[PDB]
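We begin with a single chain expressed as structure tokens, specifically the form deposited in one PDB entry.
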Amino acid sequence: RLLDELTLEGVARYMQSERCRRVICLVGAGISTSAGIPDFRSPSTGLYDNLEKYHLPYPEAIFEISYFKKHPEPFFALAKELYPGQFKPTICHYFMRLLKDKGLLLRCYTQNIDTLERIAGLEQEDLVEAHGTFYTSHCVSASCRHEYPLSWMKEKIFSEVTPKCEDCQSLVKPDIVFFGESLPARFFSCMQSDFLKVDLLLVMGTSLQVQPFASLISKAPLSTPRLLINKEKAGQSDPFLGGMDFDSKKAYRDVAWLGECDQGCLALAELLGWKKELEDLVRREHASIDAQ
């Protein structure tokens, strides 16, 4: 096996060896909760709870594309209610920027729409935003598709003006994937290429419950170590419906570090000798954001 032991220390030694050149990160809502961003797919967040005044045919209609295009006001009213007070990426986000800086980041696949990967310094080429992003918005008319930045969209959301395209006056929609929209072609094209090349899968802040994102762990080569940094263990085969194997006598490459994602990434950076680099980057970028 590539890991000398099934621990964070084993993963760090592997990352420092000549065998580990290309890292894929798979990240979800757990890497942004410490930035104040709620998990938008968690029932505990109550997205579908206080929608009475919108008179929706069904709760999920507020995130379905056909309903949105007919009645966009509920979605934008909710977007104003949930809009974050600040966009400050976490230690976890900046850990991935360090991976990029050190030439180790093959790709970050993210389920999040909060743009924090981009703010932290990952570029378009580095990212597969599996459910899109609020970072850009587009006119919904196929013949126009004018693109608008988040500052433009934010102003419309906060002034309670339904965003309309300045060229053709069609609705302008954030580039998140609504229910009933196609998933991004980039998700499938990158998956088909990246997983031929990966040396390590870093899975952070995702319960691996939403498809097709969760199936990415099964795309890794059989030898590729997979490290889960998450508050709870996840990704194992489901005894009912049925994967990660952390604990059996047959386990050989999967490792679980259970705790806050920031503390896990900090622990890994520390083992790698990157803790000062990570502290200096985070404190500098946070200072810069706080000073805007």
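From 1 onward, residues are counted along the sequence shown. For clarity, a rigid core is taken as the largest C-alpha set superposing within 1.5 Å between two forms.
Peer 1: Looking at the other compared entries that model both neighbours, is residue 37 missing coordinates in at least a third of them?
Peer 2: Across the compared entries, residue 37 is modelled every time.
Peer 1: Tell me whether residue 241 is absent from the model in at least one third of the other entries compared, counting only those where the residues either side are present.
Peer 2: Residue 241: unmodelled in a third or more of the comparison entries.
Peer 1: If you count the residues of the deposited sequence that sit between residue 242 and residue 243 but have no coordinates, do you get none, 1 to 3, 4 to 9, or 10 or more?
Peer 2: According to the record, 4 to 9 deposited residues lack coordinates from residue 242 to residue 243.
Peer 1: Taking the mean of the C-alpha B-factors per stretch from the entry, tell me the winner out of 127-135 and 81-89.
Peer 2: Of 81-89 and 127-135, the stretch with the higher C-alpha B-factor average is 81-89.
Peer 1: Check the entry's C-alpha temperature factors for 113-121 and 158-166, then say which stretch has the higher mean.
Peer 2: It is 158-166 that shows the higher mean C-alpha B-factor.
Peer 1: Checking the record values for 28, 225, 264, 38, which has the greatest CA B factor?
Peer 2: Of the options given, 38 has the highest CA B-factor in the PDB entry.
Peer 1: Compared with the other modelled residues in the chain, in which third is the CA B-factor of residue 5?
Peer 2: For residue 5, the deposited C-alpha B-factor lands in the highest third.
Peer 1: Using the B-factor values recorded in the entry, state whether the Cα atom of residue 149 falls in the lowest, middle or highest third among the modelled residues of its chain.
Peer 2: Middle third.
Peer 1: Considering every modelled residue of the chain and its Cα B-factor in the PDB entry, is residue 42 in the lowest, middle or highest third?
Peer 2: Its C-alpha B-factor, which the entry lists for residue 42, ranks in the highest third among residues of this chain.
Peer 1: Place residue 75 in the lowest, middle or highest third of its chain's C-alpha B-factors, as listed in the PDB entry.
Peer 2: Its C-alpha B-factor belongs to the middle third of this chain's values.
Peer 1: What third of the chain does residue 246 rank in for C-alpha temperature factor, lowest, middle or highest?
Peer 2: Middle third.
Keep in mind that the form deposited in another entry is not shown, yet the notes after this line are about it.
Peer 1: With the rigid core superposed, which of 100, 219, 88, 71 has its C-alpha shift by 2 Å or more between this form and the one not shown?
Peer 2: So the residue whose C-alpha moves 2 Å or more is 71.
Peer 1: Once you overlay the rigid core, does the Cα of residue 257 travel 2 Å or further between this form and the one not shown?
Peer 2: Comparing the forms between this form and the one not shown, which are aligned on their rigid core, residue 257 does not shift its C-alpha by 2 Å or more.
Peer 1: Cα of residue 266 displaced 2 Å or more between this form and the one not shown, core superposed?
Peer 2: Where the cores coincide, residue 266 shows only a C-alpha shift between this form and the one not shown that is less than 2 Å.
Peer 1: Core superposed first: is there a CA shift of 2 Å or greater at residue 234 between this form and the one not shown?
Peer 2: No; that C-alpha moves by less than 2 Å between this form and the one not shown.
Peer 1: Considering a change of 3 Å or more, are the Cα atoms of residue 147 and residue 116 closer or farther in that other deposited form than here?
Peer 2: Farther, not closer.
Peer 1: Residue 45 and residue 259: their C-alpha distance differs by 3 angstroms or more in that other deposited form. Do they come closer or move farther apart compared with the shown form?
Peer 2: Distance between the C-alphas of residue 45 and residue 259: shorter in that other deposited form, by 3 Å or more.
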